[PDB]
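Data block for query_10.cif (mmCIF, C-alpha atoms):
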```cif
data_target
#
loop_
_atom_site.group_PDB
_atom_site.id
_atom_site.type_symbol
_atom_site.label_atom_id
_atom_site.label_comp_id
_atom_site.auth_asym_id
_atom_site.auth_seq_id
_atom_site.Cartn_x
_atom_site.Cartn_y
_atom_site.Cartn_z
ATOM 1 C CA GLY N 1045 19.834 -42.270 35.507
ATOM 2 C CA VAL N 1046 19.829 -39.145 33.296
ATOM 3 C CA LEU N 1047 22.944 -37.771 31.602
ATOM 4 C CA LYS N 1048 22.017 -34.217 30.607
ATOM 5 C CA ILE N 1049 18.669 -32.416 30.386
ATOM 6 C CA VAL N 1050 17.928 -29.864 27.666
ATOM 7 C CA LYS N 1051 15.073 -27.467 28.427
ATOM 8 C CA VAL N 1052 13.584 -25.500 25.527
ATOM 9 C CA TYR N 1053 11.385 -22.435 26.051
ATOM 10 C CA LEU N 1054 8.750 -21.810 23.409
ATOM 11 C CA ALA N 1055 7.364 -18.268 23.629
ATOM 12 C CA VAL N 1056 4.053 -17.966 21.779
ATOM 13 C CA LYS N 1057 2.247 -14.641 21.252
ATOM 14 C CA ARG N 1058 -1.459 -15.174 21.945
ATOM 15 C CA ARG N 1059 -3.902 -12.330 21.339
ATOM 16 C CA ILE N 1060 -7.651 -11.696 21.228
ATOM 17 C CA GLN N 1061 -9.738 -14.000 19.041
ATOM 18 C CA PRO N 1062 -13.430 -14.982 18.963
ATOM 19 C CA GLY N 1063 -13.612 -17.152 22.072
ATOM 20 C CA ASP N 1064 -11.087 -15.845 24.588
ATOM 21 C CA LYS N 1065 -12.740 -15.567 27.994
ATOM 22 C CA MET N 1066 -12.537 -11.961 29.140
ATOM 23 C CA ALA N 1067 -14.115 -10.118 32.050
ATOM 24 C CA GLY N 1068 -14.305 -6.834 33.868
ATOM 25 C CA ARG N 1069 -13.620 -6.566 37.567
ATOM 26 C CA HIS N 1070 -17.301 -6.522 38.617
ATOM 27 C CA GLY N 1071 -17.873 -10.217 37.909
ATOM 28 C CA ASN N 1072 -19.174 -9.431 34.410
ATOM 29 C CA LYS N 1073 -17.485 -12.472 32.839
ATOM 30 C CA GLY N 1074 -17.865 -12.630 29.077
ATOM 31 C CA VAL N 1075 -16.393 -14.305 26.021
ATOM 32 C CA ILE N 1076 -15.260 -12.631 22.810
ATOM 33 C CA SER N 1077 -17.935 -13.048 20.140
ATOM 34 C CA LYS N 1078 -16.583 -11.356 17.005
ATOM 35 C CA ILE N 1079 -13.605 -9.167 16.187
ATOM 36 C CA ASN N 1080 -15.769 -6.394 14.802
ATOM 37 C CA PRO N 1081 -14.184 -4.220 12.088
ATOM 38 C CA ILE N 1082 -13.402 -0.751 13.402
ATOM 39 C CA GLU N 1083 -15.853 0.828 10.950
ATOM 40 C CA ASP N 1084 -18.725 -1.351 12.206
ATOM 41 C CA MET N 1085 -18.220 -0.150 15.777
ATOM 42 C CA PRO N 1086 -20.729 2.514 16.879
ATOM 43 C CA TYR N 1087 -19.078 5.928 17.052
ATOM 44 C CA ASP N 1088 -20.114 8.940 19.115
ATOM 45 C CA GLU N 1089 -20.419 12.511 17.835
ATOM 46 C CA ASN N 1090 -16.648 13.050 17.856
ATOM 47 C CA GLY N 1091 -16.276 9.790 15.923
ATOM 48 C CA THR N 1092 -14.252 7.839 18.497
ATOM 49 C CA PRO N 1093 -15.489 4.255 18.012
ATOM 50 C CA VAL N 1094 -16.265 2.406 21.225
ATOM 51 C CA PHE E 8 -29.420 16.755 -8.263
ATOM 52 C CA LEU E 9 -26.508 19.078 -7.555
ATOM 53 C CA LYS E 10 -23.266 17.200 -7.294
ATOM 54 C CA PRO E 11 -20.972 17.650 -4.286
ATOM 55 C CA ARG E 12 -17.543 19.172 -4.768
ATOM 56 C CA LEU E 13 -14.545 19.743 -2.530
ATOM 57 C CA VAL E 14 -14.492 23.315 -1.270
ATOM 58 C CA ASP E 15 -12.411 23.250 1.954
ATOM 59 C CA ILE E 16 -9.496 21.085 3.112
ATOM 60 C CA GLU E 17 -8.823 23.228 6.192
ATOM 61 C CA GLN E 18 -5.547 21.923 7.646
ATOM 62 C CA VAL E 19 -6.283 22.436 11.329
ATOM 63 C CA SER E 20 -3.077 20.462 11.989
ATOM 64 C CA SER E 21 -0.672 17.998 10.389
ATOM 65 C CA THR E 22 -2.218 15.048 12.239
ATOM 66 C CA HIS E 23 -5.796 15.814 11.170
ATOM 67 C CA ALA E 24 -7.818 18.167 8.985
ATOM 68 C CA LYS E 25 -11.498 18.508 8.101
ATOM 69 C CA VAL E 26 -12.736 18.248 4.505
ATOM 70 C CA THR E 27 -16.034 19.930 3.631
ATOM 71 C CA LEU E 28 -18.343 19.556 0.627
ATOM 72 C CA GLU E 29 -20.529 22.593 -0.038
ATOM 73 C CA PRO E 30 -23.665 21.100 -1.733
ATOM 74 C CA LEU E 31 -25.539 17.884 -0.903
ATOM 75 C CA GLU E 32 -29.173 16.988 -1.561
ATOM 76 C CA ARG E 33 -31.565 16.064 1.260
ATOM 77 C CA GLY E 34 -30.960 12.524 2.463
ATOM 78 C CA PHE E 35 -27.675 12.113 0.604
ATOM 79 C CA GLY E 36 -25.921 13.906 3.474
ATOM 80 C CA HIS E 37 -25.767 11.021 5.932
ATOM 81 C CA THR E 38 -25.559 8.592 2.999
ATOM 82 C CA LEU E 39 -22.289 10.025 1.687
ATOM 83 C CA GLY E 40 -21.094 10.671 5.235
ATOM 84 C CA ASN E 41 -21.479 7.080 6.412
ATOM 85 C CA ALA E 42 -20.200 5.657 3.120
ATOM 86 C CA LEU E 43 -17.072 7.827 3.206
ATOM 87 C CA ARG E 44 -16.416 7.224 6.911
ATOM 88 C CA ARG E 45 -16.769 3.452 6.573
ATOM 89 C CA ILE E 46 -14.696 3.241 3.387
ATOM 90 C CA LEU E 47 -12.005 5.449 4.951
ATOM 91 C CA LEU E 48 -11.711 3.614 8.270
ATOM 92 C CA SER E 49 -11.773 0.207 6.578
ATOM 93 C CA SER E 50 -9.614 0.603 3.466
ATOM 94 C CA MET E 51 -6.986 3.305 2.918
ATOM 95 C CA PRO E 52 -3.436 2.583 1.674
ATOM 96 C CA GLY E 53 -1.168 2.588 4.716
ATOM 97 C CA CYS E 54 2.592 2.492 5.138
ATOM 98 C CA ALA E 55 3.230 1.008 8.603
ATOM 99 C CA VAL E 56 6.382 -1.047 9.110
ATOM 100 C CA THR E 57 6.259 -4.786 8.483
ATOM 101 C CA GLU E 58 9.709 -6.174 9.297
ATOM 102 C CA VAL E 59 12.556 -4.944 11.492
ATOM 103 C CA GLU E 60 16.130 -6.210 11.781
ATOM 104 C CA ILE E 61 17.990 -5.339 14.971
ATOM 105 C CA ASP E 62 21.766 -5.616 14.742
ATOM 106 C CA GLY E 63 22.525 -8.105 17.513
ATOM 107 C CA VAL E 64 19.073 -9.372 18.517
ATOM 108 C CA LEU E 65 17.831 -12.793 17.403
ATOM 109 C CA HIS E 66 14.231 -13.035 18.642
ATOM 110 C CA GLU E 67 11.871 -10.172 19.422
ATOM 111 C CA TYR E 68 11.827 -11.111 23.128
ATOM 112 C CA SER E 69 15.560 -10.511 23.572
ATOM 113 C CA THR E 70 16.926 -7.433 25.349
ATOM 114 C CA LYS E 71 19.743 -5.506 23.702
ATOM 115 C CA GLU E 72 22.194 -3.857 26.087
ATOM 116 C CA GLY E 73 22.189 -0.076 26.270
ATOM 117 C CA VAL E 74 18.597 0.396 25.144
ATOM 118 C CA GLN E 75 16.343 1.363 28.051
ATOM 119 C CA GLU E 76 13.539 -0.703 26.475
ATOM 120 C CA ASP E 77 13.292 -4.378 25.597
ATOM 121 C CA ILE E 78 13.059 -5.326 21.928
ATOM 122 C CA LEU E 79 9.393 -6.365 22.107
ATOM 123 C CA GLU E 80 8.137 -2.906 23.011
ATOM 124 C CA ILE E 81 10.677 -1.342 20.646
ATOM 125 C CA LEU E 82 8.713 -3.225 17.990
ATOM 126 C CA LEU E 83 5.483 -2.086 19.647
ATOM 127 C CA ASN E 84 6.660 1.512 19.225
ATOM 128 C CA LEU E 85 7.781 0.852 15.644
ATOM 129 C CA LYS E 86 4.429 -0.546 14.490
ATOM 130 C CA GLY E 87 3.052 2.990 14.881
ATOM 131 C CA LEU E 88 5.871 4.741 13.024
ATOM 132 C CA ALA E 89 4.111 7.459 11.028
ATOM 133 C CA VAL E 90 5.904 7.186 7.674
ATOM 134 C CA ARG E 91 4.815 7.603 4.061
ATOM 135 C CA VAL E 92 6.322 6.645 0.708
ATOM 136 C CA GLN E 93 5.933 8.368 -2.649
ATOM 137 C CA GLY E 94 7.635 6.253 -5.309
ATOM 138 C CA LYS E 95 8.165 2.773 -3.898
ATOM 139 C CA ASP E 96 5.764 0.138 -2.609
ATOM 140 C CA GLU E 97 8.269 -1.422 -0.186
ATOM 141 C CA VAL E 98 11.413 0.062 1.350
ATOM 142 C CA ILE E 99 14.018 -0.911 3.942
ATOM 143 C CA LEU E 100 15.009 1.920 6.292
ATOM 144 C CA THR E 101 18.356 1.868 8.103
ATOM 145 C CA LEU E 102 18.820 3.360 11.573
ATOM 146 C CA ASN E 103 22.169 3.869 13.333
ATOM 147 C CA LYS E 104 21.952 5.784 16.613
ATOM 148 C CA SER E 105 24.866 6.063 19.027
ATOM 149 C CA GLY E 106 25.353 7.706 22.400
ATOM 150 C CA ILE E 107 22.972 8.372 25.264
ATOM 151 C CA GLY E 108 19.655 9.849 24.200
ATOM 152 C CA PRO E 109 16.210 8.826 22.976
ATOM 153 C CA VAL E 110 16.090 7.629 19.371
ATOM 154 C CA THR E 111 13.637 9.984 17.709
ATOM 155 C CA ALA E 112 12.250 8.908 14.342
ATOM 156 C CA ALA E 113 14.263 11.710 12.714
ATOM 157 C CA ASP E 114 17.393 9.613 13.302
ATOM 158 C CA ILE E 115 16.139 7.199 10.621
ATOM 159 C CA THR E 116 18.521 7.436 7.659
ATOM 160 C CA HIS E 117 15.748 8.418 5.273
ATOM 161 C CA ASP E 118 15.991 8.873 1.514
ATOM 162 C CA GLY E 119 14.556 11.581 -0.720
ATOM 163 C CA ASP E 120 11.336 9.610 -1.269
ATOM 164 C CA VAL E 121 10.528 7.989 2.091
ATOM 165 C CA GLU E 122 9.988 10.882 4.518
ATOM 166 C CA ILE E 123 8.750 10.588 8.102
ATOM 167 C CA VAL E 124 6.040 12.983 9.294
ATOM 168 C CA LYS E 125 6.635 12.696 13.075
ATOM 169 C CA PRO E 126 10.394 13.161 13.576
ATOM 170 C CA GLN E 127 9.811 13.151 17.347
ATOM 171 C CA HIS E 128 8.332 9.627 17.537
ATOM 172 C CA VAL E 129 10.674 8.049 20.083
ATOM 173 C CA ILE E 130 11.628 4.445 19.331
ATOM 174 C CA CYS E 131 14.016 3.564 22.159
ATOM 175 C CA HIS E 132 16.203 5.228 24.786
ATOM 176 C CA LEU E 133 19.928 4.577 24.428
ATOM 177 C CA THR E 134 21.579 4.643 27.863
ATOM 178 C CA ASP E 135 25.259 4.111 27.004
ATOM 179 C CA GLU E 136 27.645 5.996 24.724
ATOM 180 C CA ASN E 137 29.302 2.644 23.920
ATOM 181 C CA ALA E 138 25.947 1.071 22.977
ATOM 182 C CA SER E 139 24.371 1.629 19.566
ATOM 183 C CA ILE E 140 21.082 0.354 18.172
ATOM 184 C CA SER E 141 21.068 -0.587 14.484
ATOM 185 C CA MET E 142 17.797 -1.366 12.702
ATOM 186 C CA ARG E 143 17.033 -2.303 9.093
ATOM 187 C CA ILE E 144 13.353 -1.362 9.189
ATOM 188 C CA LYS E 145 11.278 -2.706 6.293
ATOM 189 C CA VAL E 146 8.313 -0.530 5.285
ATOM 190 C CA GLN E 147 5.628 -1.719 2.860
ATOM 191 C CA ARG E 148 2.293 -0.597 1.455
ATOM 192 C CA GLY E 149 -1.053 -2.263 2.110
ATOM 193 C CA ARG E 150 -4.501 -1.722 3.591
ATOM 194 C CA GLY E 151 -6.413 -2.663 6.714
ATOM 195 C CA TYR E 152 -4.835 -4.757 9.461
ATOM 196 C CA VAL E 153 -2.521 -7.704 8.790
ATOM 197 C CA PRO E 154 -1.080 -9.665 11.750
ATOM 198 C CA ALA E 155 2.373 -11.244 11.845
ATOM 199 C CA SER E 156 1.159 -14.835 11.469
ATOM 200 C CA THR E 157 -1.196 -14.504 8.494
ATOM 201 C CA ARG E 158 1.473 -13.419 5.990
ATOM 202 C CA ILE E 159 2.758 -16.838 4.869
ATOM 203 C CA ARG E 166 12.722 -16.163 7.388
ATOM 204 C CA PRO E 167 16.254 -15.776 8.826
ATOM 205 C CA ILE E 168 16.701 -15.608 12.582
ATOM 206 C CA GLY E 169 17.277 -11.849 12.709
ATOM 207 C CA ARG E 170 13.952 -10.981 11.079
ATOM 208 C CA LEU E 171 11.309 -9.788 13.555
ATOM 209 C CA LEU E 172 7.873 -10.049 11.934
ATOM 210 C CA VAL E 173 6.025 -7.086 13.428
ATOM 211 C CA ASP E 174 2.278 -6.649 13.079
ATOM 212 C CA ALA E 175 1.047 -4.458 10.230
ATOM 213 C CA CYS E 176 -1.216 -1.438 10.725
ATOM 214 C CA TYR E 177 -1.787 -0.073 7.209
ATOM 215 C CA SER E 178 -4.436 2.407 8.345
ATOM 216 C CA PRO E 179 -3.409 6.050 7.896
ATOM 217 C CA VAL E 180 -6.747 7.293 9.253
ATOM 218 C CA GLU E 181 -7.458 6.942 12.970
ATOM 219 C CA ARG E 182 -10.762 8.778 13.511
ATOM 220 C CA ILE E 183 -13.389 9.797 10.945
ATOM 221 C CA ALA E 184 -16.509 11.753 11.888
ATOM 222 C CA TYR E 185 -18.846 13.462 9.434
ATOM 223 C CA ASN E 186 -21.234 16.222 10.496
ATOM 224 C CA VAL E 187 -23.940 17.311 8.070
ATOM 225 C CA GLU E 188 -24.930 20.975 8.319
ATOM 226 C CA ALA E 189 -27.251 23.462 6.586
ATOM 227 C CA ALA E 190 -25.664 25.760 3.999
ATOM 228 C CA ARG E 191 -27.945 28.238 2.239
ATOM 229 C CA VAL E 192 -26.485 27.753 -1.241
ATOM 230 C CA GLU E 193 -27.724 30.186 -3.904
ATOM 231 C CA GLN E 194 -31.426 30.404 -3.049
ATOM 232 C CA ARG E 195 -32.451 26.773 -2.605
ATOM 233 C CA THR E 196 -32.578 25.663 1.018
ATOM 234 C CA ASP E 197 -32.000 22.119 2.322
ATOM 235 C CA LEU E 198 -28.569 21.841 0.650
ATOM 236 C CA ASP E 199 -26.981 20.087 3.616
ATOM 237 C CA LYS E 200 -23.300 21.007 3.680
ATOM 238 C CA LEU E 201 -21.188 18.017 4.702
ATOM 239 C CA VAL E 202 -17.923 18.087 6.653
ATOM 240 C CA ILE E 203 -15.510 15.239 7.407
ATOM 241 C CA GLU E 204 -13.592 15.720 10.674
ATOM 242 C CA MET E 205 -11.136 13.015 9.665
ATOM 243 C CA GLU E 206 -8.074 12.277 11.813
ATOM 244 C CA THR E 207 -5.238 10.667 9.856
ATOM 245 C CA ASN E 208 -1.731 9.879 11.116
ATOM 246 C CA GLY E 209 -0.134 12.512 8.874
ATOM 247 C CA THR E 210 0.702 10.154 5.994
ATOM 248 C CA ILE E 211 -2.263 10.798 3.656
ATOM 249 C CA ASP E 212 -3.557 14.075 2.242
ATOM 250 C CA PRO E 213 -7.171 14.552 3.424
ATOM 251 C CA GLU E 214 -8.136 15.787 -0.042
ATOM 252 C CA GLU E 215 -6.400 12.801 -1.626
ATOM 253 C CA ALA E 216 -7.875 10.549 1.072
ATOM 254 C CA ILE E 217 -11.399 11.603 0.105
ATOM 255 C CA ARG E 218 -10.465 11.311 -3.575
ATOM 256 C CA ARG E 219 -9.290 7.709 -3.229
ATOM 257 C CA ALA E 220 -12.181 6.749 -0.936
ATOM 258 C CA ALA E 221 -14.684 8.094 -3.462
ATOM 259 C CA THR E 222 -12.774 6.355 -6.261
ATOM 260 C CA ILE E 223 -12.999 2.959 -4.567
ATOM 261 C CA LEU E 224 -16.650 3.561 -3.629
ATOM 262 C CA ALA E 225 -17.460 4.296 -7.276
ATOM 263 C CA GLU E 226 -15.412 1.353 -8.568
ATOM 264 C CA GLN E 227 -17.143 -1.068 -6.205
ATOM 265 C CA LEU E 228 -20.490 0.607 -6.915
ATOM 266 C CA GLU E 229 -19.805 0.016 -10.633
ATOM 267 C CA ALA E 230 -20.419 -3.653 -9.842
ATOM 268 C CA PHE E 231 -24.012 -3.151 -11.044
ATOM 269 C CA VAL E 232 -24.052 -0.121 -13.363
ATOM 270 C CA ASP E 233 -22.517 0.778 -16.716
ATOM 271 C CA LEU E 234 -19.896 3.516 -17.150
ATOM 272 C CA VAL X 5 -2.735 -1.485 -2.582
ATOM 273 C CA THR X 6 -5.894 -0.651 -4.543
ATOM 274 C CA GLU X 7 -6.991 -4.023 -5.959
ATOM 275 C CA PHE X 8 -10.492 -4.728 -4.634
ATOM 276 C CA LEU X 9 -12.677 -7.720 -5.441
ATOM 277 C CA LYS X 10 -15.836 -6.795 -7.353
ATOM 278 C CA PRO X 11 -18.917 -9.019 -7.807
ATOM 279 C CA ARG X 12 -21.124 -9.154 -10.911
ATOM 280 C CA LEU X 13 -24.830 -9.451 -9.961
ATOM 281 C CA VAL X 14 -24.112 -13.027 -8.964
ATOM 282 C CA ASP X 15 -27.669 -13.934 -7.942
ATOM 283 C CA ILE X 16 -30.692 -11.926 -9.109
ATOM 284 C CA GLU X 17 -33.298 -14.543 -8.158
ATOM 285 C CA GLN X 18 -36.367 -12.400 -8.722
ATOM 286 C CA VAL X 19 -39.478 -13.983 -7.220
ATOM 287 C CA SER X 20 -42.123 -11.812 -8.885
ATOM 288 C CA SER X 21 -41.813 -8.749 -11.105
ATOM 289 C CA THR X 22 -42.581 -6.645 -8.002
ATOM 290 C CA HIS X 23 -40.130 -8.371 -5.618
ATOM 291 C CA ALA X 24 -36.554 -9.394 -6.450
ATOM 292 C CA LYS X 25 -33.610 -10.554 -4.333
ATOM 293 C CA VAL X 26 -30.156 -9.400 -5.459
ATOM 294 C CA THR X 27 -27.244 -11.248 -3.816
ATOM 295 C CA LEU X 28 -23.687 -10.209 -4.711
ATOM 296 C CA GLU X 29 -20.465 -12.229 -4.541
ATOM 297 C CA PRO X 30 -18.211 -11.811 -1.481
ATOM 298 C CA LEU X 31 -17.049 -8.222 -1.001
ATOM 299 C CA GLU X 32 -14.241 -7.038 1.266
ATOM 300 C CA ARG X 33 -15.402 -6.863 4.871
ATOM 301 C CA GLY X 34 -16.976 -3.552 5.798
ATOM 302 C CA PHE X 35 -18.343 -3.090 2.267
ATOM 303 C CA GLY X 36 -21.488 -5.215 2.288
ATOM 304 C CA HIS X 37 -22.960 -2.845 4.854
ATOM 305 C CA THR X 38 -21.477 0.290 3.272
ATOM 306 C CA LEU X 39 -23.229 -0.615 0.008
ATOM 307 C CA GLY X 40 -26.482 -1.996 1.418
ATOM 308 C CA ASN X 41 -27.013 0.997 3.700
ATOM 309 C CA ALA X 42 -26.016 3.430 0.944
ATOM 310 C CA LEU X 43 -28.479 1.916 -1.530
ATOM 311 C CA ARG X 44 -31.142 1.706 1.187
ATOM 312 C CA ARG X 45 -30.786 5.412 1.945
ATOM 313 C CA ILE X 46 -30.845 6.265 -1.768
ATOM 314 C CA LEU X 47 -33.951 4.156 -2.382
ATOM 315 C CA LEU X 48 -36.010 5.025 0.699
ATOM 316 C CA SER X 49 -34.807 8.651 0.473
ATOM 317 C CA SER X 50 -35.028 9.997 -3.081
ATOM 318 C CA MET X 51 -35.664 8.841 -6.634
ATOM 319 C CA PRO X 52 -37.589 10.431 -9.486
ATOM 320 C CA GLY X 53 -41.017 8.840 -9.549
ATOM 321 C CA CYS X 54 -44.674 9.792 -9.844
ATOM 322 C CA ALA X 55 -47.243 9.264 -7.096
ATOM 323 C CA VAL X 56 -50.457 10.785 -5.784
ATOM 324 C CA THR X 57 -49.986 13.808 -3.531
ATOM 325 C CA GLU X 58 -53.505 15.181 -2.993
ATOM 326 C CA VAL X 59 -57.123 14.727 -4.063
#
```
Represent the structure of the file as structure tokens.
Amino acid sequence: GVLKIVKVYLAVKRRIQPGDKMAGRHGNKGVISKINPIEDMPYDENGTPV
Amino acid sequence: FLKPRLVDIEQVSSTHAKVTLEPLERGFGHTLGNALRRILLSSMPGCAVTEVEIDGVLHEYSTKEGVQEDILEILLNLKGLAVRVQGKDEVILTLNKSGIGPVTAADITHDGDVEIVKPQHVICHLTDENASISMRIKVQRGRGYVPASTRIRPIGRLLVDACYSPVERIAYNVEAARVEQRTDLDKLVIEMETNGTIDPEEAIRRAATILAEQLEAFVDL
Amino acid sequence: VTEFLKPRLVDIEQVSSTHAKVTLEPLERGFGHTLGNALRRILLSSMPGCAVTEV
């Protein structure tokens, strides 16, 4: 009972935002809380922000 | 209060160079250090690409023939193209590579003003002498990070993410310089790590300029 | 490229002449801290001012 089927493939680009569930491998499940500006991130002596 | 002044811009490399201020009063060392580091990492005029136009590719998830890399990660490479402008605020760069061989950034048909600083930054690997990539790369100014979506049109346009952040790693390290005869003049250094598109001296100049301008919110001139 | 929003002492709701509360208009993110911490270091660190030192 169907003549011709058209299938359309949307391809979104989802990235990190405050609320995406995200975990390490050792069952340390967490959720993103705030996309912290790179300056706010604590930096070590060399200045590489974690 | 002795004022700080630029005394060394030692160009340890083209990618990064430390900038040192000879005098700084007790306490102001870490103050100026943190202020400069924060204002540099946050806001510095960048030049990263904003819009590419492949020749025969419609959407960014297509795969041109001949290129050893799909278009998406070609864009991913492009968003870190270390380029700088001098006279314009937006420019469209044309690329026409042909024949087998990686497409180094030097292949970009640059002008006298827009000059790339990493002519070895590979974009894509052409794997056929009868295949030729052709890109109309649009390069703009700006500051901070601007994604593809939050910037308010034809099919061929591929809205790449924006990364207007010439600096990649800033780290100040106060020291102790025995200036004249007064001790406690903590010499300050800035082990900044740009992407080769901003002069470290001029970087510090503009960062201090914006710090003063925003600090002039509550003070007279 | 260099246009940055600047507040003008938007709220200066001083409670008593020995305790005020200055609240600026929105500033670009990463600048509220870079100004608050800078002024905090300046103020808790060094200003001209007389005080007792010994007796």
Exercise. Written as a ChimeraX atom specification, what is the full residue list that the PyMOL selection byres ((chain X and resi 40-50) around 12) yields on the file shown?
Worked result: /E:8,32-46,224-225,228,231 /X:26-28,31,34-39,51-54
For this session: Quick one: apply the PyMOL selection byres ((chain E) within 9 of (chain N)) to the file and drop the selected residues here as a ChimeraX atom specification.
Result: /E:44-49,68,181-186,204-205
For this session: Give as a PyMOL selection string the residues that the PyMOL selection byres ((chain E and resi 60) around 9) matches when applied to the coordinates above.
Result: chain E and resi 58-59+61-65+141-145+169-171
For this session: Could you tell me which of E:93, E:27, E:57, E:50 comes closest to chain X if we count all atoms listed in the file?
Result: E:50
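The smallest atom-to-atom distance between chain E and any of X:18, X:32, X:25, X:59, using all atoms listed in the file, is found for X:32.
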For this session: Would you work out the distance separating atom CA of residue N:1059 from atom CA of residue N:1074, expressed in Å to one decimal?
Result: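 Computed distance, atom CA of residue N:1059 to atom CA of residue N:1074, equals 16.0 Å.
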Exercise. Interatomic distance between atom CA of residue E:99 and atom CA of residue E:55?
Worked result: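 Interatomic distance here is 11.9 Å.
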Problem set entry | Point (18.2, 16.9, 11.6) neighbourhood (9 Å, all atoms listed in the file) written as a ChimeraX atom specification | /E:113-114,126
Would you save the residues of that selection, restricted to C-alpha atoms, as a PDB file, keeping the file's coordinate frame?
```pdb
ATOM      1  CA  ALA E 113      14.263  11.710  12.714  1.00  0.00           C
ATOM      2  CA  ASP E 114      17.393   9.613  13.302  1.00  0.00           C
ATOM      3  CA  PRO E 126      10.394  13.161  13.576  1.00  0.00           C
TER       4      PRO E 126
END
```
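Comparing E:151, E:30, E:209, E:52 by their smallest distance to chain X, the closest is E:52 (using only C-alpha atoms).
Of note, atom CA of residue E:234 and atom CA of residue E:211 are spaced 28.2 Å apart.
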Problem set entry | Option closest in space to chain X, from N:1047, N:1094, N:1080, N:1053 [counting only C-alpha atoms] |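 Of N:1047, N:1094, N:1080, N:1053, the one nearest chain X, counting only C-alpha atoms, is N:1080.
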Exercise. From the set E:158, E:10, E:148, E:200, which residue has the shortest atom-to-atom contact distance to chain X, counting all atoms listed in the file?
Worked result: E:148
